[PDB]
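See below for the structure under consideration.
Every residue, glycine among them, receives a Cβ derived from its backbone with ideal geometry; neighbour counts consider all protein chains shown. None of the figures in this text is laboratory data; all of them are computed from the coordinates on show.
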Amino acid sequence: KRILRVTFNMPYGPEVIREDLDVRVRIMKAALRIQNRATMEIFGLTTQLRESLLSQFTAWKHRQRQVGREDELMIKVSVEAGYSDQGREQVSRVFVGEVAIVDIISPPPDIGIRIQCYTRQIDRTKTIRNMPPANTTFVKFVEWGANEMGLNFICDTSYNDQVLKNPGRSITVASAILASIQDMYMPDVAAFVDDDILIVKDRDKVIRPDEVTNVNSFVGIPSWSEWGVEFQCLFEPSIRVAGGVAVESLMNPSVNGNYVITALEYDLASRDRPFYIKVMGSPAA
Amino acid sequence: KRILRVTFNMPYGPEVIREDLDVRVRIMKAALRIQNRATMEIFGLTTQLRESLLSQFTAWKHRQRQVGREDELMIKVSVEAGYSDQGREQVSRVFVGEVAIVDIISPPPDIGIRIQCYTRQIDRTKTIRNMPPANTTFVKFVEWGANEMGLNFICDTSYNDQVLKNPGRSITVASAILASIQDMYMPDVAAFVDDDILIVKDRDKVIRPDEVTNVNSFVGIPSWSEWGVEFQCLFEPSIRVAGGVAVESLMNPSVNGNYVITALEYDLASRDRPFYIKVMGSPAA
Amino acid sequence: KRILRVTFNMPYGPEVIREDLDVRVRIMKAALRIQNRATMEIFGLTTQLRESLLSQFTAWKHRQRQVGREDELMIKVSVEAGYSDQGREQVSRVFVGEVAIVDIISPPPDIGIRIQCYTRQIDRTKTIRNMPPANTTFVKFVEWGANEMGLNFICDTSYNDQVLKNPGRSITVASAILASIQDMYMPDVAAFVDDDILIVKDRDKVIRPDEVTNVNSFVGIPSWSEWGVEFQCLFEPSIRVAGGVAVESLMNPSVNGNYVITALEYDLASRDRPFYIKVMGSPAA
Amino acid sequence: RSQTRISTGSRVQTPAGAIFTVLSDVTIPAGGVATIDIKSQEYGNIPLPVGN
Amino acid sequence: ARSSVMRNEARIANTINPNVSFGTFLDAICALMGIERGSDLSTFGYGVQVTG
Amino acid sequence: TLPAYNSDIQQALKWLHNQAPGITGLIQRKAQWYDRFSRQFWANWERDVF
Amino acid sequence: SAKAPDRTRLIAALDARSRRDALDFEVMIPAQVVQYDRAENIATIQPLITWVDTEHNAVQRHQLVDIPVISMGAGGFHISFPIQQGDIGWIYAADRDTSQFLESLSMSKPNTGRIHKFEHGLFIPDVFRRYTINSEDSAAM
Amino acid sequence: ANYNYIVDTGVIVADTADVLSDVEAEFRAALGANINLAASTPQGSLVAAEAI
Amino acid sequence: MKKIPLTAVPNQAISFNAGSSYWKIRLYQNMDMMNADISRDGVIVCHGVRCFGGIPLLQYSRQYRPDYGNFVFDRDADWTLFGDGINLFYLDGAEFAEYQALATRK
Amino acid sequence: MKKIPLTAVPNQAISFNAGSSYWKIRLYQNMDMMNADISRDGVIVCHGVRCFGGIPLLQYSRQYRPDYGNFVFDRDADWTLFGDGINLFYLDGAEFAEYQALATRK
Amino acid sequence: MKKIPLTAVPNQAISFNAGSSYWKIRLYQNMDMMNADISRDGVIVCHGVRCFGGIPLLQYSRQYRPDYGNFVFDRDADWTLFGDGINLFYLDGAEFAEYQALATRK
Amino acid sequence: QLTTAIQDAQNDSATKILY
Amino acid sequence: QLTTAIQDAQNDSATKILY
Amino acid sequence: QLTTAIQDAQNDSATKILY
């Protein structure tokens, strides 16, 4: 009994699209600069709901007009998925971001929309309000970037106490901040934004070491990869990105060990078979 | 009765490939610097027709030989499509361009070629014969580019009387002229080439205000999009690129209004179901 | 009776995977700077074989560790394909390269791996041990590049006696050598690496005038292209890259002639229908 | 002149101070401003009264 | 509707005589006597330029 | 050009209004007025132009 | 900053990617000096070419600090000018981070991965037309 | 309603589909927003008369 | 001298690029005659031009210099014989001036 | 002078970009009248404004000033006749000033 | 005041970002009481804190110092009434100081 | 999918600053 | 079909090799 | 398919020097 909700944020309020409507969310997240994506195929829309949603989702009013100083320029939508049995719920949060693309995939008799949301699509920000530090340490540049983007930060790396001269004075917008933080020191320590938290950590270290996820049931088989172990699983509302995993396989006994998560491929369909999440993991140090 | 013709231009003359042969033309046009594309799969070619066409289509005689000073270097082919009933024809023109690629997709017993043409594939032109202006206005640079390319021009923009110091003396060939005109002033005013007419205008303005196309019948449903309205229709020989459209929908009442065209996707199959044109449109100002 | 072998090279030795297991090798070689690639789908792997192979294939021990000074950093694998009837074999060599990526395509009850091998993936070389010539001719720079890469060379071109100033002092690694030899003089003379032999020749010349391959049997039809003749064939263990072909067709009588090879499309499936090689060829001079 | 002093500007006292500047401070052309400070560690400290 | 019809008919009947006509209607009265409408052009030439 | 033009005003009188007073009366009087104020007007105005 | 028929053909996204990758490729622009000291030859610099947004507004670039200033010297025979705040010139960009090279003046690694940014570069002074040449010195250095 | 079919560049005459739609809409606004303008009805007969 | 394709329908509108201009003629059957609405480059040039054989459409000099051209019917306009029997021809400036010179001495 | 598209439902909210501003009017049946809540550019201008024919919605100066426009009902508001019979029109600064000048001598 | 939601289970562990810190509270039924193990930013702060109504979980100063907050049970903890009837609330620094000042003069 | 990849490619090339 | 898009991301090659 | 081409594009951009 999968329970999947797509919650928009609109001037009227939140209009939650439940799992009764045919919905299909393909989220793909990674420990990269690039904004994590979520494609949303939603069918069964009424005329009123289509008017209330698609008309608000637009790329105008910031190009041929002005109507922009803060948020409400583009609609922010979150995704809450999970399971529910015996009356209890498991609705976690799996994506927060603003819509960028909107098309239609299925014509009548089932008018189904397909939107494309991206995390931190508010690169329509205020062109960097506070100037970046002139000479400062890496953790301090990270703190400035987090404060500029408005997100709380988790910075855990061994490169924090390294000074930089002009760390990002060429930055043009807030989104480019993450690009700069990713650009400097990129063999291991890659920074990203997971939902509302900006994470800057080494690629071989776990963000929350006490939050290891012991994994014993898999769909298919936990197989090797040129980096670590890769495996698909049924939706567990406790697996984030950059988290620690404690794979204990049966089919492949050599893949057992502790791994950190680098990528994540959510594929959630209320009215269809795919309700999986795919994990790319690398050896954890 | 759909009537679709592919008319080549070769030294012998025009050899019209009619709709009796299995022809499938996918044309994709847009208001960009990019050359609009036409992929046409033609089956039922005789040996003689294959030798008369494919042998002429080549990328040699301009790389390992000379045989070149003007046209006849590459075969220019036009596409004329439409409907016909009660004896009256509706054959308009939907593409003019030179072939670039030749292949076969379907092996025997149906030897069917697949050839790829782009508009203005004469980019290996006379390496800019007339020098670009030293200091001039945008309209006059556009006129110089149109004169160099040999195409008549439609320049309708509010940036015409803006002087440019030094407009495009880094241009190497005739094709890069369009890329340059596109490069300067590119929030809205994007220049393109439709058939043999070079259009330079603002993106929110129509080439011919008196030539709005009232649309009432669609295939599927006219849906919203990021910019404007997107919709598919049966082939109407009155819809061009960047033309004005007057969408009047039934399923979606909110998409009614006047739109300009940005992208066009012709898919014409004489002996198959797809005979539609897909229109991307944005609000018209 | 197709006979296909995938022969790895590991510390234990060569572990040949025969054609009894479901194997599917898709190779694409060409006369460019890019490394020719082979995708390998192998099913029916036992637990011990998976442990022996996938654990050896890794991208670690050279980024978060050291364990590298020479080969054995990554496993080198060759491919020997051919036919066999009446007791005689025809096993040639069709690919030699090192793995880079490993994934799983088919979940249980058939755990099937899919590895990705690239030719000359040992670019993790001694960062150019020997300095390039300061001033030198093209042939001698090619000889230096071949010596640095450790491969024997075939330099047959009309540009050999042309001097260069600083021929590749920005080169960082061994792989960039081929990119540089390709970069200079790129109207015709494109250098490439076929297996363990570095070939630098004009595009319209055959490496081997005496090794022309008379072809009379084709799968489908020998067709024209924008460059030359394109045709598919059953696996013949005598067709290399840049070799000479003597096409003698029946369906298309005017494609007959002598051609040189530019590309190659091996698709070998022991337990499936596709066992063909596709040849792109251009007119030979 | 016309300098913006840096957030968490590090300064060390002679007993290994390691003090960060709290406020985002921009100086003045006159040649003197005031900064708030916080010690790198939660420990008890007593800085020297002279600029170090 | 009838007032509009009478007004339009009165305008068209009045256009036959000048001083109450306008474009493409007084045009007709001029063309009756061959008074030519007098086309649109412009042209200069024979200029000189002092330069470097 | 050639294939007739009708334009009879009374064309808007169906078979239903065969014995009707009203609809028939209104259409007949409207036709008489449009005749007197268009066809007669243009006839005597062309006589004027002559 | 985008166009509607992008996201339809692959080459549309590809050339948009090329444009955005070449827009961040900082090489050289005119610039002005806000601070300078002749003892260390490093100057705080404000670039003189604005960024422009969608609404057609100029957002001023950020001041760049500790940019080395050229001196055109060899064998110790350098040339100096009274670099004061307000003079204009041209600022360049380094292929890699030269912050670690600046303090050492020797063979050093790039401190960070920032490639082709105006954060690290030079400033060559240039007076442009702001001078007067006597008629007696027509053909004369 | 009737616009100005006289204008200055000669008489601009529209098609009978357009004039019939105009008279239909005018009758609809005058008599009732949901009156049936069928050609067999008295109102439809009046509309057709005012369209000819 | 360019022949303009026609279609045997009562009312039609043809738009084309001829003589470095974007012409659009709407030909309609008005009672027992034909009239044409001519618009060049979007801006409308004339309304209700009664169509005759040999007689120029743009009748007034302001509508046809500098060398804008003109449209001529070979015969009196009749949409029943359009395409097969009655053709409309476009003349550029020089050819229309020569036609004027020939037709003004008859 | 722009009519606003309305729907014949009792309580609704319509938001639109008119007069270089982002207006939003929520119309609801309150007892036996219509009330309207008006919000411009996010901030809420007024709540519970009675809807009357001819009387402007934004009554006080502090709201329709400056040149922001106003909204006028042709007749007394009634959601049953919305879209057919009763319309709401938007006036910019000049049009509303002229409406005020006319309406103050009545 | 931030209401931490609870699930009617004997043993559970809730991890959340509250008050600029990464808290993790493991609540478990121990004998006839509830105990809680609280960790902040990964490191463990306290184990086996006996949970009582109104009375803060982090009891001594260095754990809720500075302005880190504290957790308060409105009633005596009981997992059978978790979510409906009993809730756990988080207070930031100033609010916990105000609560302490209120509760020290009762 | 081709279309989703194309749209993702288009996304990261849109910031406010035209040039 | 990604093959047509591949064939389209090759047209950017004029007579200038510049080289 | 296209994932193979994606993997190829990624492998192109791996060399032995970080900068």
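Kindly indicate the residue of chain E that is in contact with a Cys (Cβ under 8 Å, 6 or more places away or on another chain) and not β-branched (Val, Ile, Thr) and also farthest from H:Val7 (Cα to Cα) among those meeting that condition.
Among residues in chain E that are in contact with a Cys (Cβ under 8 Å, 6 or more places away or on another chain) and not β-branched (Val, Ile, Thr), the one farthest from H:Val7 (Cα to Cα) is E:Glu36.
It is to be established whether one or more residues within the stretch J:16-24 are more than 29 Å from A:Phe57 (Cα to Cα), hydrophobic (A, V, I, L, M, F, W, C) and part of a loop (DSSP other than H, G, I, E, B).
Looking for residues that are more than 29 Å from A:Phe57 (Cα to Cα), hydrophobic (A, V, I, L, M, F, W, C) and part of a loop (DSSP other than H, G, I, E, B), one finds none in the stretch J:16-24, hence no.
Quick check on my filter: what residues within the stretch C:56-82 are of a type outside the set (D, E, K, R) and over 27 Å from A:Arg203 (Cβ atoms)?
C:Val77, C:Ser78, C:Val79, C:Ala81, C:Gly82 - these are the residues of the stretch C:56-82 that are of a type outside the set (D, E, K, R) and over 27 Å from A:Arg203 (Cβ atoms).
Within the bounds of the stretch B:160-170, is there any residue that is of a type in the set (A, V, I, L, M, F, W, C), touching a strand residue (DSSP E or B) at 6+ places or on another chain (Cβ under 8 Å) and over 22 Å from B:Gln35 (Cβ atoms)?
yes
Would you confirm whether any residue within the stretch G:10-28 is closer than 30 Å to A:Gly68 by Cβ and away from every other protein chain (no Cβ under 13 Å)?
No: the stretch G:10-28 contains no residue that is closer than 30 Å to A:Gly68 by Cβ and away from every other protein chain (no Cβ under 13 Å).
Tell me, yes or no, whether the stretch G:82-97 has at least one residue that is touching a residue at least 40 places away in the same chain (Cβ under 8 Å), within 29 Å of A:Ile181 (Cβ to Cβ) and either of a type in the set (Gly, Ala, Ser) or surrounded by fewer than 12 Cβ atoms within 10 Å (Cβ to Cβ) (or both).
yes
Those residues that are on the phi > 0 side of the Ramachandran plot and either within 14 Å of chain A (Cβ to nearest Cβ) or among the small types (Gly, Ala, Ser) (or both), I need them from the stretch G:62-88; list them, please.
G:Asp66, G:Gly75, G:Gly76, G:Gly86, listed by residue number.
Residue under question is E:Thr24, and the condition is that it be within 14 Å of chain I (Cβ to nearest Cβ), free of Cβ contacts under 8 Å to residues at least 24 places away in the same chain, closer than 20 Å to I:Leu58 by Cα and of a type in the set (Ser, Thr, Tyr); does it hold?
yes
Does I:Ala8 satisfy being closer than 22 Å to H:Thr9 by Cα, touching a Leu at 6+ places or on another chain (Cβ under 9 Å) and either small (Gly, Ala, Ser) or free of Cβ contacts under 8 Å to residues at least 12 places away in the same chain (or both)?
When the stated conditions are applied, I:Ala8 does not pass them.
Give the residue that is surrounded by the most Cβ atoms within 10 Å (Cβ to Cβ), with candidates limited to residues of the stretch D:1-31 that are closer than 19 Å to G:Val34 by Cβ and out of contact with any strand residue (DSSP E or B) (no Cβ under 9 Å at 6 or more places or on another chain).
For the stretch D:1-31, the residue satisfying everything is D:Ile28.
Does J:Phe82 satisfy the criteria of being within 10 Å of the chain's Cα centre (by Cα) and under 30 Å from H:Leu31 (Cβ atoms)?
no
Filter the stretch J:1-17 down to residues that are more than 12 Å from chain A (Cβ to nearest Cβ) and surrounded by 14 or more Cβ atoms within 10 Å (Cβ to Cβ) and give me whichever is farthest from B:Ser254 (Cα to Cα).
Among them, the one singled out is J:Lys2.
Filter the stretch A:132-150 down to residues that are assigned to a loop (DSSP other than H, G, I, E, B) and out of contact with any helix residue (DSSP H, G or I) (no Cβ under 9 Å at 6 or more places or on another chain) and give me whichever is nearest to A:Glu72 (Cα to Cα).
A:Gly150
For the stretch E:6-21, how many residues meet the condition of being among the β-branched types (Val, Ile, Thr), touching a helix residue (DSSP H, G or I) at 6+ places or on another chain (Cβ under 7 Å) and without any contact (Cβ under 8 Å) to a residue 12 or more places away in the chain?
Number of matching residues: 1.
Residues are listed down the side, and each one gets a yes or a no for (1) within 10 Å of another protein chain (Cβ to nearest Cβ); (2) among the hydrophobic types (A, V, I, L, M, F, W, C); (3) in contact (Cβ under 8 Å) with a residue 24 or more places away in the chain:
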site	(1), (2), (3)
H:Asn4	yes, no, no
H:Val7	yes, yes, no
H:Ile12	yes, yes, no
H:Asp18	no, no, no
H:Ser21	no, no, no
H:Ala30	no, yes, no
H:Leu37	no, yes, no
H:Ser40	yes, no, no
H:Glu50	yes, no, yes
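Could you say whether any residue in the stretch B:54-63 is of a type in the set (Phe, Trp, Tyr), within 14 Å of chain C (Cβ to nearest Cβ) and more than 24 Å from the chain's Cα centre (by Cα)?
The answer is yes; a qualifying residue exists.
From the list C:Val139, C:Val99, pick out the single residue that is among the β-branched types (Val, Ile, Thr) and over 29 Å from C:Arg208 (Cα atoms).
C:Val99
From the list A:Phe218, A:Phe231, A:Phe235, A:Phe192, exactly one residue is within 30 Å of G:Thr112 (Cβ to Cβ), of a type in the set (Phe, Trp, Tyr) and out of contact with any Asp or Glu (no Cβ under 8 Å at 6 or more places or on another chain). Which is it?
Matching residue, one of A:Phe218, A:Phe231, A:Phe235, A:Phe192: A:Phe192.
Given the structure, is G:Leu14 surrounded by 11 or more Cβ atoms within 10 Å (Cβ to Cβ) and within 17 Å of the chain's Cα centre (by Cα)?
The answer is no for G:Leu14.
Within the stretch B:72-94, is even one residue of a type in the set (S, T, N, Q), at the interface with another protein chain (Cβ under 10 Å from one of its Cβ atoms), without any contact (Cβ under 8 Å) to a residue 60 or more places away in the chain and surrounded by fewer than 17 Cβ atoms within 10 Å (Cβ to Cβ)?
No, the stretch B:72-94 contains no residue that is of a type in the set (S, T, N, Q), at the interface with another protein chain (Cβ under 10 Å from one of its Cβ atoms), without any contact (Cβ under 8 Å) to a residue 60 or more places away in the chain and surrounded by fewer than 17 Cβ atoms within 10 Å (Cβ to Cβ).
Out of B:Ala190, B:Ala179, report the one residue that is within 19 Å of G:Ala2 (Cβ to Cβ), of a type in the set (A, V, I, L, M) and within 14 Å of chain A (Cβ to nearest Cβ).
Going through B:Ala190, B:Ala179 in turn, the sole match is B:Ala190.
Given the options A:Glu248, A:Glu236, A:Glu230, name the one that is within 30 Å of C:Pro109 (Cβ to Cβ) and either within 11 Å of chain C (Cβ to nearest Cβ) or touching a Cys at 6+ places or on another chain (Cβ under 6 Å) (or both).
A:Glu230
One residue is enough: does the stretch B:133-143 have a residue meeting the conditions buried (at least 20 other Cβ atoms within 10 Å of the Cβ) and aliphatic (A, V, I, L, M)?
There is at least one residue in the stretch B:133-143 that is buried (at least 20 other Cβ atoms within 10 Å of the Cβ) and aliphatic (A, V, I, L, M).
Taking the condition of being within 25 Å of A:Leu164 (Cβ to Cβ) and more than 17 Å from the chain's Cα centre (by Cα), how many residues in the stretch G:32-58 meet it?
Count: 3.
From K:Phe71, K:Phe52, grab the single residue that is closer than 30 Å to A:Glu143 by Cα and under 10 Å from the mean Cα position of the chain (by Cα).
Only one candidate passes the filter, namely K:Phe71.
Among the listed residues A:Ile104, A:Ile128, identify the single one that is within 14 Å of chain B (Cβ to nearest Cβ) and out of contact with any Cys (no Cβ under 7 Å at 6 or more places or on another chain).
Only one candidate passes the filter, namely A:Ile104.
Matching residues to (1) surrounded by fewer than 17 Cβ atoms within 10 Å (Cβ to Cβ); (2) in contact with a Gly (Cβ under 6 Å, 6 or more places away or on another chain); (3) aliphatic (A, V, I, L, M):
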| site | (1), (2), (3) |
| --- | --- |
| G:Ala2 | no, no, yes |
| G:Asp6 | no, no, no |
| G:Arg9 | no, no, no |
| G:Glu26 | no, no, no |
| G:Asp37 | yes, no, no |
